[PDB]
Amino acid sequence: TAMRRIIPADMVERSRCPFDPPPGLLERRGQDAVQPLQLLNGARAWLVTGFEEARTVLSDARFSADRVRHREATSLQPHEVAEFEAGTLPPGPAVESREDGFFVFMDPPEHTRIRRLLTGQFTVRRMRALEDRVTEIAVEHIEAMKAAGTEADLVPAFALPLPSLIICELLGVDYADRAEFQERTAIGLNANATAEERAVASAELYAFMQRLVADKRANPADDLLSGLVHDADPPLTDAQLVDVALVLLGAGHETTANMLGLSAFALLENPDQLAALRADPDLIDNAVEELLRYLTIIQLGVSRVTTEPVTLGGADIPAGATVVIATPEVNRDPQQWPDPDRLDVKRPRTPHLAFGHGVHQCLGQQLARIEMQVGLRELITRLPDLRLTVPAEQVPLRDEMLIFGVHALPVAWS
């Protein structure tokens, strides 16, 4: 169930055009907003390209996020497709039976009970604290790049480490454990790492999270994970806390890192937009929202399953169907954004779907916005005459993974 064994290539392959929609998404423009999608495993799903239709999927009681109970077409092993199509593939476990912390695969009220504990740690006071910590880590990384020379690969020097170290801050990873943590999270994202090298790094992090939760139970500090372990009422089990720590790491690192690298890339390819930002630093917050709309690193990973038949976007979707949001095309819906394929950091700011919608809308979105606002402000103000040192078409793209991004971003400054 690797993404490229499931999603048709033309819906995700950018070739050497990172900012342009893949041709299979382009070819659905001006058609019904919801259309069938034939998956490479032979299973059927439905694809949503409409903004209003995507909002409905993500905030309608007939579309379930419980992808444990409701099997998705995108999850099917080859031996399971004919059972799925025949309606004889069993559901996963009923949520009443589950003891795990994977609240991402739950609907209200089971979702709500765990999501409330996490919102409870993402307080406005913690967010103010994290903005200061983001500022420190960003400036330290940029000052390190400038001390080492006049050129850098922005991905390992800046885009990967800042969000990884912010996860370390949330989880209360001790200073002496950070280098190893950073190494293991980087392996996950390395083009050159084998499936065996990855599965070892993944097992090392799972065991690390178990040890980290046990350590916060014994020796709590001021971090979000200490808060979940000690201050949560009602209390989570150790197993649930491990699951929540793995969810935060999974959700908060790769996305933010890829957004930092691709945002720097887009600004260097759109010097007029970079000029607007250097000229008026107050534009940074609106610019981050435009970059989130324009780049949409989530790709086709946002899906739900119908629990009853639904008519939407010109489609009669049956019960039990997988509905995939084409988040990059939803964020280019010309009903919402005139001239949607233009990067315009001065655009009037209106809601996009880069962080999803409804009860599961990104828990980390304020923190992600802080990382982008601070990161890009510090990069643009500290690195004069920042430039790519390879042509844009030679920057290597990550379009075989669930999250889109660049593998390298070679830059220089003066």
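Counting begins at 1, following the sequence as shown.
Stretches compared: 318-326, 88-96. Higher mean C-alpha B-factor in the entry: 88-96.
387-395 and 8-16 differ in mean CA B-factor, and the higher of the two is recorded for 8-16. When the C-alpha B factors of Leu268, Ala138, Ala144, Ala239 are read from the deposited coordinates, the top value falls at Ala239. Of the candidates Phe105, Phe208, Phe158, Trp337, the deposited coordinates give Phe208 the top C-alpha B factor. In the deposited entry, the Cα temperature factor of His352 sits in the bottom third of values across the chain's modelled residues.
Ranked against the other modelled residues of its chain, the C-alpha B-factor of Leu26 as given in the entry falls in the highest third. Annotation for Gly252: C-alpha temperature factor in the middle third relative to the rest of the modelled chain, per the entry. In the PDB entry, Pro163 places in the lowest third of its chain by CA B-factor. In the deposited entry, the Cα temperature factor of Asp215 places it in the highest third of its chain's modelled residues.
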